[PDB]
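> At position 4 of the sequence shown the residue is numbered 5 (full-length UniProt numbering), and the sequence of numbers has no breaks.
Can you read through this structure? Questions will come right after.
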Amino acid sequence: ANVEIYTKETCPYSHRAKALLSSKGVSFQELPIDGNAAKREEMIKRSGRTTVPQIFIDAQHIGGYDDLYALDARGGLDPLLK
Ligand SMILES: *SC[C@H](NC(=O)CC[C@H](N)C(=O)O)C(=O)NCC(=O)O
């Protein structure tokens with residue numbers, strides 16, 4: 002398992018996902034693209050999407066935060082933690 006999540010300090014949609022991921026006790030690896038544009042633009046190569054947040058789990062992309070919420074609550078996120 003390798004949960005990654007792109008975040009930005011000045012981005013509340015980013016921090017939204019952290020209330021979820023903390024509620025679910027998830028072992029994410031947070032990528033602040035506030036003080037960074039390198040790994041930011043590495044994200045843009047990972048998925049083609051420019052915006053944050055974006056979650057990746059074992060190099061498979063999710064989508065946005067609402068996408069993750071549904072992907073969690075449906076049980077797509079949860080069993081990949083194993
Ligand atoms: S909170 C920072 C910005 N987020 C969004 O705009 C999210 C948009 C959704 N993906 C959508 O539904 O379209 C952000 O990431 N801006 C990037 C930028 O171009 O500055």
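A virtual CB, placed ideally from N, CA and C, is assigned to each residue, including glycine.
State the CB to CB distance for the pair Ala18 and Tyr66, rounded to an integer number of angstroms; the pair is presumed to be in contact (CB under 8 Å).
The residue labelled residue 18 in the question sits at position 17 within the sequence shown. The residue labelled residue 66 in the question sits at position 65 within the sequence shown. Between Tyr66 and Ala18 the Cβ distance is about 4 Å, and since that is below 8 Å, they are a contact.
> Would you kindly work out how many angstroms separate the C-alpha atoms of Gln30 and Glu5, rounded to a whole number?
Taking the sequence shown and counting its residues from 1, the one referred to as residue 30 is at position 29. Taking the sequence shown and counting its residues from 1, the one referred to as residue 5 is at position 4. Distance between the alpha carbons of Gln30 and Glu5 is about 5 Å.
> Compute every distance between the C-beta of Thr8 and the non-hydrogen atoms of ligand 1, then say whether any falls below 6 Å.
Along the sequence shown, read from residue 1 onward, the residue named residue 8 stands at position 7. False, no ligand heavy atom lies under 6 Å from that Cβ.
> Please say whether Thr8 and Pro54 have beta carbons closer to each other than 7 Å?
One-based indexing of the sequence shown puts residue 54 at position 53. One-based indexing of the sequence shown puts residue 8 at position 7. A contact, by the Cβ cut-off of 7 Å.
> Mind checking which residues open and close the beta strand (DSSP E) that includes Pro33?
The count along the sequence shown starts at 1 and reaches residue 33 at position 32. Start and end: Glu31 to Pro33.
> Applying the 10 Å Cβ sphere with the 16-neighbour rule, what's the burial state of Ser23?
On the sequence shown, residue 23 is found 22 positions in, with the first residue counted as 1. Its Cβ having fewer than 16 others within 10 Å, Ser23 is exposed.
> With a threshold of 6 Å, establish whether the CB of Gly64 neighbours any heavy atom of ligand 1.
Along the sequence shown, one-based indexing puts residue 64 at 63. Incorrect: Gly64 has no Cβ contact closer than 6 Å to ligand 1.
> In terms of DSSP beta bridges, what is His16 paired with?
In the sequence shown, counting from the first residue as 1, residue 16 sits at position 15. In the DSSP output, where bridge partners are listed per residue, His16 has none listed.
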